[PDB]
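Reviewing the structure listed below.
What follows is calculated from the coordinates using simple rules that are stated; it is not laboratory data. Virtual Cβ from ideal backbone geometry, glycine too; neighbours counted across all protein chains shown.
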Amino acid sequence: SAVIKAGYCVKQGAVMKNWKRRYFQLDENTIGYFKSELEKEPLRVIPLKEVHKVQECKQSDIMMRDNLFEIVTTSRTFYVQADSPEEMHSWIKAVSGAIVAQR
């Protein structure tokens, strides 16, 4: 249950749809995010079993955000901007591989 991937990404907030830098952490069962790398408790945990898709966001142009992927769950789609194209692909590949490993 160790960490597979961790790092900062900038995600869209629900209250007013602003974008905020948060620390993301993926392990074999969950992806969660934290206020920063120092925090002990996450702001939200998303069980990978509840992830229907993880993919490049096709609305990246309209949302005016480069390097944007999304995590689709029934109740909410999360919009997550990586720091580079390379990190966007790294995050998508890591989350998708962890979901595969759950099969």
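The table that follows gives values for the structure above.
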{"item": "Order of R103, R65, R44, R22 under a 10 Å beta carbon neighbour criterion, fewest first", "result": "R103, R44, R65, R22"}
{"item": "Mean projected area in nm² (Cα convex hull; one quarter of hull surface) for segment 11-67", "result": "4.8 nm²"}
{"item": "Tensor-based shape of the chain (alpha-carbon gyration tensor, a/c under 1.5 rounded, otherwise prolate or oblate)", "result": "rounded"}
{"item": "Dipole magnitude of segment 26-103, debye to nearest 20 (Cβ charges: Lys/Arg +1, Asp/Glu -1, about Cα centre)", "result": "380 debye"}
{"item": "Residue order, fewest to most beta carbons within 10 Å, for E37, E50", "result": "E37, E50"}
{"item": "Out-of-range pairs (alpha-carbon distance over 23 Å; input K20/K49; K17/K49; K11/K35; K5/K40)", "result": "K20/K49; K17/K49"}
{"item": "Label point distance in nm, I62-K35, each placed 7 Å from Cα along Cα→Cβ", "result": "3.4 nm"}
